[PDB]
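One chain follows as structure tokens, the form deposited in one PDB entry.
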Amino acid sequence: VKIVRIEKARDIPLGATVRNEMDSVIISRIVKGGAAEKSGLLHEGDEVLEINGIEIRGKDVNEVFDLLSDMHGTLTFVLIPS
């Protein structure tokens, strides 16, 4: 279990595409040059369990987009790496 912090600006994406697998929310790609690539803490293959005290596991891929679009500053990610 990995607990990491990655900065994000208002309405500027982190650069991490999300894929759904059963209930669990997964990260499928890391965008070249984004805040997820330059930090080195978010990887293609990790599972997103929580983001800033909000349960991500068991949520639709469209809800994780909405939750993230209204986020800024230090984002605490609870993950299960590949």
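We call the rigid core the largest set of C-alpha positions that still match within 1.5 Å between the two forms. Residue positions are given as counts along the sequence shown, with the first one as 1.
Comparing 6 to 14 with 19 to 27 by root mean square Cα distance to the shown form in 4 other deposited structures of this protein, with the rigid core used for the fit, gives 6 to 14 as the more displaced stretch.
The same protein also exists as the form solved in complex with a partner chain; that form is not shown, yet it is the one meant from here on.
Contact with its partner chain in the entry with it bound holds for all three of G15, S28 and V31, each having a heavy atom within 4.5 Å.
At least one heavy atom of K8 is located within 4.5 Å of its partner chain in the entry with it bound.
In the entry with it bound, no heavy atom of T74 sits within 4.5 Å of its partner chain.
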